[PDB]
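Notes follow the structure.
Here is the naming used below: chain letters follow the sequence lines, and residue numbers restart at 1 for every chain. These numbers come from the heavy atoms of this one structure, side chains and all, not from hydrogens, waters or symmetry mates.
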Amino acid sequence: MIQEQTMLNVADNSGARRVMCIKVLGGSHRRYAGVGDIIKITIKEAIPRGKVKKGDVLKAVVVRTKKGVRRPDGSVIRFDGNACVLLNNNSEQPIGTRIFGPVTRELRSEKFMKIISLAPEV
Amino acid sequence: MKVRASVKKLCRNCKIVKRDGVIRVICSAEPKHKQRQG
Amino acid sequence: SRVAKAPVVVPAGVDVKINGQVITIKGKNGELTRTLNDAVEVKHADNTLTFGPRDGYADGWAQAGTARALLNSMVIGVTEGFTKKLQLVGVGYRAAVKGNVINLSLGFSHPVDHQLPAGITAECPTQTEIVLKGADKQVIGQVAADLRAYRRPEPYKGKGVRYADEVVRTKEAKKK
Amino acid sequence: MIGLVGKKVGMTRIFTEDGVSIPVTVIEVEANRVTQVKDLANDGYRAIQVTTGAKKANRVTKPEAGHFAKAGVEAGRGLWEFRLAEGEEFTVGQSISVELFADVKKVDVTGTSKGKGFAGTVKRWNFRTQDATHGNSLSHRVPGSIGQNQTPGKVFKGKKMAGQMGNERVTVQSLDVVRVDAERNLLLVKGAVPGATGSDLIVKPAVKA
RNA sequence: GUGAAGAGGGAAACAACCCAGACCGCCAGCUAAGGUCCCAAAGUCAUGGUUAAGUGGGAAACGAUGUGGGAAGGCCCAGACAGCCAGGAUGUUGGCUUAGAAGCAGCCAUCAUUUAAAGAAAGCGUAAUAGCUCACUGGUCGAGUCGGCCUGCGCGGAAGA
RNA sequence: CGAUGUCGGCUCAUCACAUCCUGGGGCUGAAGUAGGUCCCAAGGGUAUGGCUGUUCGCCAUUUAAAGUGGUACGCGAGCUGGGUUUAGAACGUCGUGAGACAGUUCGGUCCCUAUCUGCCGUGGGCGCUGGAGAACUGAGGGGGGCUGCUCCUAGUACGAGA
RNA sequence: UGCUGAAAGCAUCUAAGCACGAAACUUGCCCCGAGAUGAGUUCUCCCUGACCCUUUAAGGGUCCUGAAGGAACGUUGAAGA
């Protein structure tokens with residue numbers, strides 16, 4: 001459950017550490033983003049030596065949510081924070097080289113193969 | 001289809017026809033001369 | 001009017017029955033029954049057919065003129081019949097026929113099936129040309145029009161279904 | 001085709017071999033007994049009237065007792081009838097079991113929804129509440145405007161206002177049938193159905209095939 | 001002139017529009033404007049025409065083989081108009097602004113042979129060509145046909161909470 | 001003028017079609033994707049934020065689209081009071097002055113227990129003809145009607161290629 | 001968009017006739033619904049005793065019977081101001 005103005009941590013090592021969600025994509029009047037929905041974010045503070053600077057708008061994908069995800073058998077997965085991965089605004093293509101922390105398997109959409117491969121767990 | 005209020009024989013191969021109380025112009029050479037309201 | 005004043009000779013072996021204003025004609029293909037306008041009167045006129053507009057109708061002559069054309073059309077149809085030729089233009093276009101159903105593939109994702117009406121026969125001497133035959137001209141024209149409507153000819157390559165004896169205008173992109 | 005009358009019995013879930021859990025509503029469909037068969041000759045339409053359950057002997061009135069006795073059917077609670085599809089026939093006194101749902105896949109369940117009593121516009125029509133602060137005075141959940149001005153001069157019919165909510169019959173359609181148990185008279189349908197536990201439900205095959 | 005300071009009847013309702021100026025009573029008659037299929041008093045009245053549009057029962061410039069009437073005019077069984085198997089050629093790829101205009105951009109004449117018959121050129125189409133039609137001319141059926149003016153009544157133009 | 005509260009915002013809407021999207025078509029200087037223009041169509045749908053009191057507008061990012069208008073420039077006996085528009089005070093300017101300024105700033109009481117019509121719910125009475133208990137037919141009325149992306153067809157038709 | 005087709009020998013979707021053709025219209029889906037005074041249909045249940053009076057009428061009065069069923073009261077409800 002990520003909506004506008006929400007703080008997110010960064011799972012990758014692109015140099016960003018905290019980002020603000022400014023829009024939820026994928027539908028008109030969409031309220032909040034799910035486990036693996038694409039969102040538009042702005043970086044609020046990053047590494048000075050990183051390739052992404054403060055106050056830049058680029059897409060992102062949620063990988064972890066505090067609210068959690070629901071499994072088909074009724075189980076749920078919950079995390080202590082919300083995390084995302086950075087993107088390129090033209091092709092999804094996570095720019096990071098490695099991603100820290102667990103990643104749920106809900107991102108297996110025949111496309112996030114790069115995210116799951118770099119995921120230390122699942 | 002032109003929907004102008006004035007219809008005329010633009011070319012030689014234009015025929016004036018009345019269909020359902022509407023005066024139409026039909027051309028057998030070029031469709032650009034077809035027009036509905038007359 | 002002028003056409004109405006021209007009796008049509010009925011050939012031998014054709015039976016004509018005048019039940020009030022209804023006309024039944026039998027030749028060698030089948031029985032054709034048509035209801036005629038109340039403003040036109042018809043008599044046997046042995047060896048010929050004659051039409052006259054009864055007094056009391058302003059358009060009586062016009063109704064006679066169209067009536068005479070219809071009777072001639074049926075007379076020709078029963079005597080010989082009507083044939084129409086349709087051509088399929090385009091790579092990968094098939095017009096296979098079997099029984100009373102026509103199978104066509106005009107580039108659609110699914111096959112096209114057409115159910116012919118009674119009294120109409122379809123033949124496919126070649127994979128792209130289809131010939132239809134029948135006892136009346138109105139039905140054949142309608143069926144051929146329905147077949148053509150499936151893929152209207154387009155003016156860049158003249159593809160789709162077209163009549164055998166029509167000219168399709170062609171145009172080319174001017175710059176792009 | 002005809003439906004059946006059953007009683008809602010709580011809810012449960014079924015665990016499949018692949019792991020996914022299916023929430024199912026349990027409907028107790030005991031034998032339904034036909035009490036009257038209608039025909040076009042007499043009633044102008046063809047239908048069968050059925051009964052289910054049991055009633056106290058001293059509680060059923062004489063007019064109802066005679067009606068059941070005519071068909072030779074034991075008195076039950078309430079009466080419901082279903083129109084026929086012209087493709088099947090029935091006889092008076094025949095018993096209909098839940099087995100007829102063995103070959104179906106979607107069903108429509110009809111029942112009386114739970115009664116919420118007099119409900120406000122916010123709860124009834126999902127009206128948006130006004131601001132809770134910034135000067136608002138006694139207008140936190142009020143409906144707001146209900147008309148325009150003199151030019152209409154009236155409130156249009158069908159306006160959304162507070163009133164009775166629930167306690168009307170509603171139909172949930174295209175529900176997957178999960179299991180049918182003839183000997184135990186159970187009908188497991190995936191999803192939730194209107195009404196509370198113990199309420200009478202009508203189950204018929206889905207019409208939106 | 002009316003209202004104001006005038007009721008009554010008519011225009012659905014509508015001081016100022018039309019008819020008409022209430023002294024009172026009558027379960028008497030004749031009329032005005034306006035009306036006479038039903039609501040709703042009185043012609044489903046008579047004779048000759050028009051309209052096909054629900055026109056009548058909103059609206060223009062302008063458009064159109066709608067339909068009725070009138071005055072004419074051209075061509076017509078030495079056979080018209082529309083159709084049908086026919087013909088439509090030769091220099092004139094022009095001198096001319098030679099970039100190609102050749103009839104199809106214009107300076108320009110707007111010649112001339114075969115002739116039942118054809119122009120140094122009206123349309124579509126090519127850089128120009130080419131090409132396809134029509135001007136015009138033979139033969140069969142074959143009788144009317146063609147283009148304007150005056151107007152009667154209609155149609156389109158004509159979309160709002 | 002013996003009083004019809006006049007800008008915005010919120011809540012709640014309803015109608016027109018001169019249609020923003022979705023639907024059906026003609027023409028195209030329409031190869032295809034994507035367009036241009038016109039005709040038919042009102043069933044449904046038809047943004048979130050930054051700045052400003054603002055409507056509007058500019059800007060940022062979405063969507064199939066972020067339609068144009070009427071309804072006392074809809075709606076304050078439904079809400080707010082930011083602007084404007086009482087009394088305080090100050091600045092600039094005009095006036096000798098009191099004061100004034102569609103010049104600008106700071107501050108500044110929004111009453112009503114619903115009789116009638118209307119509307120949303122829910123009952124009593126009588127009727128429907130001997131009375132009563134049930135199950136229905138259905139005149140009629142209302143609700144709902146939105147749509148994106150991915151894959152297959154197919155990398156096919158089209159196209160020199162892209 | 002058409003097929004056939006005269007008026008007008010041709011042509012022509014139209015004048016006669018016959019075809020297709022949209023989230024619009026009618027229906028199909030769900031709900032209300034016989035106060036639908038045009039008040040509907042079906043099934044079942046209950047009542048089939050006597051006296052008198054007059055301005056002898058679908059009249060009035062008295063005695064005995066009051067059934068089906070309903071209401072009321074009580075315990076109450078995932079029904080409800």
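For the strand neighbours E/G73 and E/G74, base stacking is present under the 5.5 Å centre-distance and 30-degree plane-angle rule. Classification of the G/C47/G/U48 step: not stacked, the six-membered rings not being both closer than 5.5 Å at their centres and less than 30° apart in plane orientation.
For residues 200-209 of chain D, proximity to RNA chain E is found at no residue, defined as any non-hydrogen atom under 4.0 angstrom from a strand atom. Annotation: proximity of residues 1-25 of chain B to RNA chain E (heavy atom, distance under 4.0 Å) is found for B/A5, B/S6, B/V7, B/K8, B/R12, B/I16, B/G21, B/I23, numbered in ascending order.
Here the shortest heavy-atom pairing between D/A192 and D/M11 reads CB-CE, 4.1 Å. C/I130 and C/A122 make their closest contact through CD1-CB, 4.4 Å (heavy atoms, listed as atom of the first residue, atom of the second, distance). The nearest pair of heavy atoms linking D/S113 to D/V170 is CB-CG2, 4.1 Å. The shortest non-hydrogen separation linking C/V40 to C/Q21 is O-NE2, 2.8 Å. Heavy-atom minimum distance, D/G195 versus D/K114: C-CG, 4.1 Å. Looking at every heavy atom in both residues, D/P194 comes nearest to D/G111 through CB-O, 3.9 Å.
Relative to the ring axis of C/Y93, C/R151 does not place its NZ or CZ within 45° and under 6.0 Å from the centre. Cation-pi geometry between D/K159 and D/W125 is not met at under 6.0 angstrom from the ring centre and within 45 degrees of the axis. Both tests pass for C/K84 against the ring of C/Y163: distance under 6.0 Å to the centre and angle within 45° of the axis.
Here, E/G160 and E/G156 have their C1' atoms 22 Å apart, quoted to the whole Å.
Nearest-nucleotide mapping onto RNA chain G: of C/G65 and C/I140, the residue sitting toward the 5' end is C/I140.
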Polar atoms only, N or O, under 3.5 Å: list the protein pairs with nucleotides 74-79 of chain F and their distances.
from: F/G74; atom 1: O3'; to: D/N149; atom 2: ND2; distance (Å): 3.4
from: F/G74; atom 1: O2'; to: D/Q148; atom 2: O; distance (Å): 2.8
from: F/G74; atom 1: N2; to: D/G147; atom 2: O; distance (Å): 3.3
from: F/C75; atom 1: OP1; to: D/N149; atom 2: ND2; distance (Å): 2.7
from: F/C75; atom 1: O4'; to: D/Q148; atom 2: O; distance (Å): 2.9
from: F/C75; atom 1: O2'; to: D/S145; atom 2: OG; distance (Å): 3.1
from: F/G78; atom 1: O2'; to: D/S139; atom 2: OG; distance (Å): 3.3
from: F/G78; atom 1: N2; to: D/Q130; atom 2: OE1; distance (Å): 3.1
from: F/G78; atom 1: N2; to: D/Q130; atom 2: NE2; distance (Å): 3.4
from: F/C79; atom 1: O4'; to: D/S139; atom 2: OG; distance (Å): 3.2
from: F/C79; atom 1: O3'; to: D/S137; atom 2: OG; distance (Å): 3.1

Dump every N/O contact between nucleotides 57-59 of chain E and the protein below 3.5 Å, one line per pair.
none

Can you check nucleotides 48-51 of chain F for protein contacts, nitrogen or oxygen pairs under 3.5 Å, and list what you find?
from: F/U48; atom 1: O2'; to: A/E4; atom 2: OE2; distance (Å): 3.0
from: F/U48; atom 1: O2; to: A/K23; atom 2: NZ; distance (Å): 2.8

Quiz: residues 3-24 of chain B side-chain donor-acceptor pairs under 3.5 angstrom, not counting sequence neighbours:
from: B/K9; atom 1: NZ; to: B/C14; atom 2: O; distance (Å): 2.1
from: B/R24; atom 1: NH1; to: B/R19; atom 2: O; distance (Å): 3.4

Walk me through it: do C/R54 and C/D38 pass the test salt bridge (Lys or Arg N to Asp or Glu O under 4.0 Å)? CA-CA 9 Å; C/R54 63 188 311 157; C/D38 63 358; over 6 Å; no

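If you check F/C101 against F/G92, you find a Watson-Crick or G-U wobble pair, both contacts below 3.5 Å. Pairing check for F/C94 against F/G99: the Watson-Crick or wobble criterion is satisfied, both distances under 3.5 Å.
Checking the phosphate oxygens (OP1, OP2) of E/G157, a side-chain nitrogen or oxygen of B/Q37 falls inside 4.0 Å.
Checking side-chain atoms of B/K34 against main-chain N and O of B/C27 turns up no donor-acceptor pair under 3.5 Å. The main-chain N or O of A/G34 is found under 3.5 Å from a side-chain atom of A/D37 such that the two form a donor-acceptor pair.
Syn is the conformation of F/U85, whose glycosidic angle sits no further than 90° from 0.
Annotation: the span from A/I39 atom CD1 to A/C21 atom SG amounts to 4.5 Å, rounded to 0.5 Å.
Using a cut-off of 4.0 Å between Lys/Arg side-chain N and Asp/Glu carboxylate O, D/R46 and D/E86 are scored as not salt-bridged.
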